[PDB]
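Student: For reference, the structure I am asking about is given below.
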Amino acid sequence: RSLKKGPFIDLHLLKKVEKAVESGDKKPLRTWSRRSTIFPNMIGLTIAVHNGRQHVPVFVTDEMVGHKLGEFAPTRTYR
Amino acid sequence: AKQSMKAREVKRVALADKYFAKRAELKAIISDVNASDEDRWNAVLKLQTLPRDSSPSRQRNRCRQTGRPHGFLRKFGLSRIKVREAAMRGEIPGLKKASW
Amino acid sequence: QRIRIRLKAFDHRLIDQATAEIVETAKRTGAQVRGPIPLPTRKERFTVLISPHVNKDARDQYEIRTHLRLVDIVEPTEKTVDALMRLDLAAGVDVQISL
Amino acid sequence: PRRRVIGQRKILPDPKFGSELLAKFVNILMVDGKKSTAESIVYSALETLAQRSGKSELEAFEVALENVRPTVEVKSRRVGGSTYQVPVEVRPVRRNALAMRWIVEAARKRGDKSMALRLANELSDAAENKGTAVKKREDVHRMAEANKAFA
Amino acid sequence: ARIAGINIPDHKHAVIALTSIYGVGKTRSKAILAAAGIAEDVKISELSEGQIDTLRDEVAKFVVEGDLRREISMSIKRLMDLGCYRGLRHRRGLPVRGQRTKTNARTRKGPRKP
Amino acid sequence: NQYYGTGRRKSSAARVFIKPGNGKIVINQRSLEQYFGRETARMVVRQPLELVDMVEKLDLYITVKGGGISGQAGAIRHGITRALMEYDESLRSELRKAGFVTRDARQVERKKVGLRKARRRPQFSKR
Amino acid sequence: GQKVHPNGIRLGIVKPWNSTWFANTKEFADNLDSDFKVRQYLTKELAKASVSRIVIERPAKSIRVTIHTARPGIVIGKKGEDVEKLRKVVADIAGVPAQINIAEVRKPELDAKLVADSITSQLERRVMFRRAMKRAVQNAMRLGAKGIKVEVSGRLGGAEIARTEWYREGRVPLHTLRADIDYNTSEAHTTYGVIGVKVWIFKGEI
RNA sequence: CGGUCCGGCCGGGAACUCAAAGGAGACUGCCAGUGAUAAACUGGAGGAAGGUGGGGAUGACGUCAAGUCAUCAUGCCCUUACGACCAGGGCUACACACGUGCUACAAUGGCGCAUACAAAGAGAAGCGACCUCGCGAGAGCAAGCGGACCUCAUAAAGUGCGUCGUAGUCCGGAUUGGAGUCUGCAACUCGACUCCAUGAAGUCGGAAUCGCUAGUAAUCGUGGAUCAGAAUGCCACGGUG
């Protein structure tokens, strides 16, 4: 629901992703930017998204492109 | 309010005067113009490298005397309580109790 | 050309005194005066809670009345212009000079 | 009104017929301050209830009112620890008010298409001494005859 | 009669009768009747069969029928299998679009149970 | 010559000029039927010159601002009564007894703090 | 019940405003804050000068302050050096050039602000509150006041349970808007907390 | 009264609406009757208004150790932390219970086209017209306006014609899917709005209970504060009544 003038992604996460893909398979990416959009060059990486207390590991697939990172890290515990 | 809250507001006002007065206006102009560089204006990434407190939307209007963040009035720059205190003492020009 | 004067104040007695002073300054100078035309009063209103905590039903309603007067001089002799441009009026009165 | 003796407000006459009865009927039928909406309903109903009989309009409306007008009603009373129902004589103004209110509530409790049709049918039934308005008047008179001992 | 949308629309004003198709609202019904050449206030009766064939030819342009149900089921299933926030809200029958769950979730939660 | 009268109601103010002789009524460059589609509004406007027998004996030129249909009709009635008293001044008793010379001072009551309307108070719960 | 502020209810009826400038929305809050800072500095600096009222008016591009005091020689000082020092910092606070006038309070026993200040000073000197209240009432009444009542509240005499006490002489018609009622308050900061003093002085009607 | 592109628009006029300053006016003042020849009460005249004309502000001594130490001020505890900075999250959870509201269950109505009549307000890091593009939210360009001048800003119920014909419907709009707009560094948790699609419950509500005496209730729109954005709340305004 952001305008159609381009998606948003935090710059530090962008540079982390480029350094991770250019250097081959790496460790999970620890990030707090739940608001960043999942881009096609992140397919294959597992980003550890902060959820408030932990960094939830999220293995990115082609079906996730377009979502925000926080959509795969629930912040509230309910049983 | 605490002293740290007032200091935060002061710092935010200062940062908003420093950066967002010219630099961020320029960047948001580059971001909103449809005629310019629909591919790599690079303005969107540069807008987030600026401090967050430089955004004027992060400022909260507080009473100029107590720092209260609720019940603010832009006409007087005071919260409702201090507005009433100054009004009853005759320190706000022209302001008086209304009836109709 | 012609000069119109817009007077603003919170007290109507004060703005009437200022307008009287202006029309005497002009007429005693020998210019013609159209006015003073009482323009509508802009009364801002404010409703505030009078309680420190809750008690929302307890409120005070205040208001500020802004009084407006319009004074026009059709042929402003240099006498009239430099006479009114150095007039001494009350502190609580705002004067505009449009040419 | 604990002490208040109160006068009377000025009701305007009907624009079409010049009757205060019809004006109060429109007032009773009106909802949400929609007087123009109620006047069209009343006028359509009076027209439809005119050709049927033959005695113009106002006359048909008065004939319908004559059958719904209650002469005596009961007033609840708490004296002997139980429900006392003293039959009191109804005043003419309250008579007309009750008749009109009953006719309106009976017309609104009908299955016809439009309120004009419901009103026309209710008034025709009342002129024929039947319907639910006449039913309510007979109910009230029955309840008064039952408690006649408490006058 | 019957349409390429199997469903059988009632015999009433064409603009409202075409709404019975799953996927055709009022706007799309008006658009179908406009692109076909049929008036909106004419009933489904009084319509020639050549005119109903025309309406079928126009409704064939839209994905409006069990096909649309399939595309909606596919999207909700993708959400649920992805495990995103909306997927979890769909799994538990809770409001998906930010509505409050403290009170007033009766459409998604159904009749209340103690 | 013209006989003038100013009528007012809730928010309306009608300027009524009457002239000797015809059945013409012009409200805001429109006829009475054109201006007032509501029959009560026409009955109210025609009302004062019915006690005084004027069918085609007076020409009315009316302008009216503010208010709604009924407020404007009452303002026109008030102005017509005033112009008629200016015209004859012996019709005073009749228009008094009819109740037309009285200015209806019923204005909308203001909204008050803590109330949903002028008098409508919020729903009260005890337990 | 809670009472209306007797000064604010009479503003424009029989009471003048203490700030008499005009400004639009742009400069209204700035002028209000600058007036507050000026009045605060003046009240802190002239604490021992018996200052009862600070009237602030803003001509076209300046500010002039009128200080109503019962000790004008103290505010002015030898060769006006003190009032000059006051003006030179009022000009800094307000930003615009400043001017200061000194108005004498001829009868300090009839000014509610000065009476309240006297009572709070006595309370802080550990003076019995009843004595101070009655002395204030007597001094005001023998000087021709039509009426006066003073009220003190909160841990009077070091009491553990707070109490409100008020003395009244003459006539104090708080419901008459035509009544010239001089009202002001003050707080005494003692070892047991704050004691609030309120003074009403009636000087006739119209 | 002349002129007119028919628009108070332009000469003009100062009449009227209105603007806003001053004044008049209502006092049981007058008449009659009742009444302790009193206070008063009932009615009448005149009058725009009649009996404190309507509404508001105005809240006595005190009561509830009533509310607020989290507006503020103020008489035990912490201090390399109970202080301070930051990012993310939460205050938005959800088996359930209650209070206050909005929308409905329809025909005194829904929809479509045409058309009439308000008041009160706000506006300069603001209101933003006209024109162009867009189905629309909006976008581009760009006047005027610190404003009885310009903008917000098309009042809506109403009225005329047509249709629907008592059905879970051309009622109702919940919910959900897809596509977008704008603000904002940033709409995932957790924004508002638009378009297409879908079309829950609901057919008048048990015990019980609330508001309101006249321009009131009921109903219909309008504006403002807070505010980058976010009103079904609050505060105000008028229409019908």
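Rule-based calculations on the coordinates, nothing more; no lab input. For neighbour counting, all protein chains shown are included, and Cβ atoms are generated from backbone atoms with ideal geometry for every residue, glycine included.
Student: Among DSSP beta bridges lying fully in the protein assembly as shown, give the percent that are antiparallel, nearest 5.
Tutor: Bridges in the protein assembly as shown are about 85 percent antiparallel.
Student: Work out the charge dipole of the protein assembly as shown with +1 on the Cβ of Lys and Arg and -1 on the Cβ of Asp and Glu about the Cα centre, then indicate which of G:166, F:52, D:88 is farthest towards its positive end.
Tutor: Farthest along the dipole direction, towards plus: G:166.
Student: Can I ask one more? Give me the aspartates and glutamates in straight-line cross-link reach of residue A:4: C-alpha distance below 18 Å, same-chain residues under 8 apart excluded.
Tutor: Of all the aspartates and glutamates, those that pass the test against residue A:4 - Cα under 18 Å, at least 8 places apart if same chain - are B:32, B:37, B:38, B:39.
Student: What distance in nm separates the two pseudo spin-label positions at residue E:60 and residue G:45, each 7 Å out from Cα along the beta-carbon direction?
Tutor: 9.3
Student: I've got another one for you. For C:85, B:5, D:100, what's the fewest-to-most ordering of other Cβ within 10 Å of each Cβ? The partial results should precede the final answer.
Tutor: Working: C:85 9, B:5 14, D:100 24.
The most exposed by this proxy come first: C:85, B:5, D:100.
Student: Would you mind telling me the antiparallel percentage of the DSSP bridges in segment G:16-106, rounded to 5?
Tutor: Bridges in segment G:16-106 are about 45 percent antiparallel.
Student: Ranked by Cβ crowding within 10 angstrom, fewest neighbours first, how are D:52, B:52, G:155 ordered? If you can, show how the numbers build up before the last one.
Tutor: Details: D:52 13, B:52 10, G:155 16.
Listing D:52, B:52, G:155 from fewest to most nearby Cβ atoms yields B:52, D:52, G:155.
Student: Run the reach check for residue G:198 against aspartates and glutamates, Cα to Cα strictly under 14 Å, same-chain hits fewer than 8 apart removed. What comes back?
Tutor: Correct list for residue G:198: G:111, G:117, G:151, G:165, G:182, G:187.
Student: So, one more: Cα-Cα over 20 Å: which of D:75/D:148; A:15/B:46; D:16/D:130?
Tutor: D:16/D:130
Student: Report, as an integer, the average count of C-beta atoms from other chains found within 10 Å of each Cβ along F:114-120.
Tutor: Whole-number average of other-chain Cβ neighbours for F:114-120 is 1.
Student: Still on this structure, please answer the following. Quick one: if the Förster radius is 51 Å, what FRET efficiency do residue D:63 and residue E:34 give, using the C-beta to C-beta distance and rounding to 0.05?
Tutor: That gives a FRET efficiency of 0.40.
Student: Sticking with this one: Work through the residues other than residue G:206 whose Cβ is under 11 Å from its Cβ and net out their charges, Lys, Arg +1 and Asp, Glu -1.
Tutor: Residues close to residue G:206 contribute a combined charge of 0.
Student: Report, ordered by chain and residue number, the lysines lying within cross-link reach of residue C:56, taken as a straight Cα distance under 23 Å and ignoring same-chain residues fewer than 8 apart.
Tutor: B:75, B:82, B:96, B:97, F:111, F:112, F:117, F:126, G:3
Student: In addition: Explain nothing, just the number: dipole magnitude of chain B about its Cα centre with +1 on each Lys and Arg Cβ and -1 on each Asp and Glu Cβ, in debye rounded to the nearest 20.
Tutor: 880
Student: Same structure again: Hey, what do the phi angles of segment D:128-133 turn into as Karplus ³J(HN,Hα) couplings, whole Hz, using 6.51/-1.76/1.60 and θ = phi - 60°, x for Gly and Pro?
Tutor: These are the phi-based 3J(HN,Hα) values: 8, 6, 7, x, 9, 5 Hz.
Student: Going by C-beta contacts inside 10 Å, put D:11, G:54 in order with the fewest on the left.
Tutor: D:11, G:54
Student: Could I ask something else about it? Starting from the 7 Å offset along Cα-to-Cβ, what nm value, one decimal, do you get for the label separation of residue D:148 and residue E:92?
Tutor: Between residue D:148 and residue E:92, the simple spin-label model gives 7.3 nm.
Student: Can you give the FRET efficiency to the nearest 0.05 for residue D:117 and residue D:71, using r as the Cβ-Cβ distance and R₀ = 30 Å?
Tutor: Calculated transfer efficiency: 0.50.
Student: Pop the C-beta distance of residue A:35 and residue G:60 into the FRET formula with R0 = 51 Å and round what comes out to the nearest 0.05. Walk me through the intermediate numbers first.
Tutor: On the way: r = 52 Å, r/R0 = 1.01.
Approximately 0.50, to the nearest 0.05.
Student: Same structure again: 7 Å from Cα along Cα→Cβ at both residue B:85 and residue B:39: what's the point-to-point distance in nm?
Tutor: Modelled inter-label distance: 6.2 nm.
Student: Nearest 10 degrees, 0 to 90: what angle lies between the long axis of helix F:69-87 and the longest principal axis of chain F (Cα atoms)?
Tutor: The helix F:69-87 is inclined about 40 degrees to chain F.
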